[PDB]
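Coordinate analysis (summary)
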Amino acid sequence: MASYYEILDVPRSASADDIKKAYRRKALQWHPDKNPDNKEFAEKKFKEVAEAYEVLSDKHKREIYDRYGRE
């Protein structure tokens with residue numbers, strides 16, 4: 001169970017570098033300069049990519065997500 005394919009931007013296969021870059025690319029993708037009348041979705045995506053990239057990039061955070069998901 002990685003779920004990264006679903007959560008971020010690309011499948012789990014790309015190195016951690018790409019994970020951070022996928023966050024950045026999506027950040028620009030939903031950045032206010034690139035967003036129309038829908039700001040909620042853009043910020044929502046920015047917020048979820050930030051947290052999701054955060055947990056996957058940090059090995060300790062990943063397990064916290066799993067343990068405190070169940071808890």
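Residues numbered from 1 in each chain as written, not as in the entry; some residues may be left out. Heavy atoms only, no water.

Listed under the method field of the entry is solution NMR.

**Regarding the packing of helix α3 (residues 40–57) against helix α4 (residues 59–70)**
Relative placement of two packed helices is described by the angle separating their axes and the distance separating the axes. What counts is decided by this rule: As a rule, the C-alpha atoms of each element are fitted with a line to give its axis, helices using only the stretch in contact, and angles between N-to-C directions run from 0 to 180 degrees. Strands here mean DSSP runs of E at least two residues long; helices mean DSSP runs of H or I at least four residues long; both are numbered from the N terminus. For classification, angles of less than 35 degrees are called roughly parallel, those exceeding 145 degrees roughly antiparallel, those between 65 and 115 degrees roughly perpendicular, and all remaining angles oblique. It only takes one pair of heavy atoms within 4.5 Å for two residues to be counted as in contact. Charged residues are taken to be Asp, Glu, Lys and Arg, nonpolar residues to be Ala, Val, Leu, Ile, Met, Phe, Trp, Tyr, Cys and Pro, and polar residues to be all remaining types, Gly included.
Running from N to C, α3 and α4 point in directions that differ by 115 degrees, and their axes come no closer than 5 Å. Classified by the interaxial angle, the pair formed by α3 and α4 is roughly perpendicular. Where α3 approaches α4, its residues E54, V55, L56 and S57 are matched on the opposing element by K59, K61, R62 and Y65. Its residues assigned to classes, the contact of α3 with α4 comprises three nonpolar, one polar and four charged.

**As for the pattern of salt bridges**
The condition that has to hold: Salt bridges are defined by distance alone: a side-chain nitrogen of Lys or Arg within 4 Å of a carboxyl oxygen of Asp or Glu. Classification of residues uses two cut-offs on accessible area relative to the type maximum, computed with a 1.4 Å probe and protein chains only: under 20% is buried, over 50% is exposed, and between them is partly exposed.
Per the stated rule, a full pass over the model turns up nine salt bridges. A salt bridge links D9 to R25, with the nearest nitrogen and oxygen atoms 2.7 Å apart. Taken as a pair, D9 in the loop between α1 (4–7) and α2 (16–29) and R25 in helix α2 lie far apart in primary sequence, 16 residues in all. Under the relative-accessibility criterion, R25 is labelled partly exposed at 26%.

**A few points about the environment of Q29**
To keep things clear, this is the line we draw: Whenever a nitrogen or oxygen atom comes within 3.5 Å of another N or O atom, the pair is scored as a polar contact, on the condition that within protein one atom can donate a hydrogen and the other can accept it, and that pairs from neighbouring residues in sequence are kept only if both atoms are in side chains.
One can find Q29 in helix α2. Of note is the side chain of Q29, whose polar atom sits 2.9 Å from the side chain of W30.

**Quick notes on the packing of aromatic side chains**
Our working definition: Centres within 6.5 Å make a pair out of two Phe, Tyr or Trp rings, where for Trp the six-membered ring is used; the pair is then stacked when the planes are under 30 degrees apart, edge-to-face when over 60, and tilted otherwise.
Scanning the entire structure with this criterion turns up two aromatic pairs. Taking the centre distance of 4.4 Å and the plane angle of 10 degrees together, the rings of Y23 and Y53 count as stacked. Placement of the pair is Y23 in helix α2 and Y53 in helix α3, with a sequence separation of 30 residues. Pair check on accessibility: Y23 and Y53 agree, each one buried. An aromatic cluster is defined as three or more aromatic residues linked by ring pairs; in this entry it consists of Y23, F46 and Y53.

**Quick word on α2**
For the record, the criterion: Expected helix span is taken as 1.5 Å per residue step, with the number of steps being one fewer than the number of residues. Starting at the helix axis, one direction is taken to each C-beta atom, and the arc is that of these directions.
The end-to-end C-alpha separation of α2 is 20 Å, in line with the 20 Å expected for 14 residues at 1.5 Å each. Every buried residue belonging to α2 is among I19, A22, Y23, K26 and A27, and all of these are buried. With its buried residues spanning 135 degrees around the axis, α2 presents them on a single face. Residues of α2 that are exposed and angled more than 90 degrees away from the buried face: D17, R24 and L28. Of the surrounding secondary structure, the elements contacted by the buried residues of α2 are α1 and α3.

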